[PDB]
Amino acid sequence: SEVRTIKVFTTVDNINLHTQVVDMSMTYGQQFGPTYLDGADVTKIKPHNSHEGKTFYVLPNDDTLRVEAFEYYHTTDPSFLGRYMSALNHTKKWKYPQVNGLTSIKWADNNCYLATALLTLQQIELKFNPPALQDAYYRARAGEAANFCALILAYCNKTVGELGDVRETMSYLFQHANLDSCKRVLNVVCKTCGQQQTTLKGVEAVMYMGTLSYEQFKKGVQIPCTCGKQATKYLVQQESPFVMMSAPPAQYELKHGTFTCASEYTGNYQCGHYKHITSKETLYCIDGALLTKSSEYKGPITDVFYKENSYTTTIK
């Protein structure tokens, strides 16, 4: 029969909108290629009357859109938008309650580790490079974290419903944050082999696997030396706003005011449950929407975060 149209906007970044005219007889797919509205796939759907003036997301099919996409997300992975939108379709349905003055996530689709990562980021000093993470993270801090979670999932190449590692998640995010000015100096000491000194910049300057205790890392930790005689690695100098100390879950006692926040993991490798412990006027345990408060804490801790500016050892 007749040809009806509506006006809509197409975007890759929801910053630069592009006025398009669509035909209400043809599917979005046929006219634009893959097309999303609020993360919902509409490729196979014909325009509705209500669609007038709404913003749709499309894949970058021309060079103008490729520049706009790369500038915003800092990636040229063709699958990225599809994944960002697939995630978003789920993450818009999650509830983000304000818990202890911080945005959490009400438990759903094994998001316990995203919730824990989100509560953590709010407590440490981080500047993201991708304008996509800068923007979503600002809105997350406000209670509006639907997009930030969908982006974490997209960057970390994760499915909705699949349980993630908080330390793997955080590493990925730190790869997309400005940490150029972060600097760590380690000394490794043997009885024979002598004192070797290394310097670590960026992600490797703020992350350590093998001890939870920041104080222990400064005193010294035992490591298997190449020679075969256990050597002592100790921290000589740290320049970072924070440090992340990680180790495989173990009964650990956390004391008020000796740490910033910690990741509790109960259960078995890849199928457990995450809780967030934070240190304020007392110890808070944030379990999605659920909050409890205690003087003391012992439990299976796997990540502890500490605030820092400049530490310099007095050793030697």
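The first residue of the shown sequence is 1; numbering continues from there. Here, rigid core means the biggest group of C-alpha atoms that superpose within 1.5 Å across both forms.
- Of the two stretches examined, 109-117 and 220-228, the one with higher mean CA deviation in 4 other deposited structures of this protein after a rigid core fit is 220-228.
- According to the PDB record, 140-148 carries the higher mean C-alpha B-factor of the two stretches 114-122 and 140-148.
- Averaged over CA atoms, B-factors in the entry run higher in 226-234 than in the other of 170-178 and 226-234.
- Of the candidates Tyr274, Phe70, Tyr284, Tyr269, the one whose C-alpha carries the top B factor in the deposited record is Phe70.
- Note on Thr211, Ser104, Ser240, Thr192: the highest value goes to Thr192, judged by CA B factor as recorded.
- Looking at the C-alpha B-factors along this chain, the one for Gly220 belongs to the middle third.
- When all modelled residues of the chain are sorted by CA temperature factor, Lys298 is found within the highest third.
- For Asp109, the recorded CA B-factor ranks within the lowest third of the chain. Only modelled residues enter the ranking.
- When the modelled residues of the chain are ordered by their C-alpha B factor, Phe259 lands in the lowest third.
- Ranked by C-alpha B-factor against the other modelled residues of its chain, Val58 falls in the middle third.
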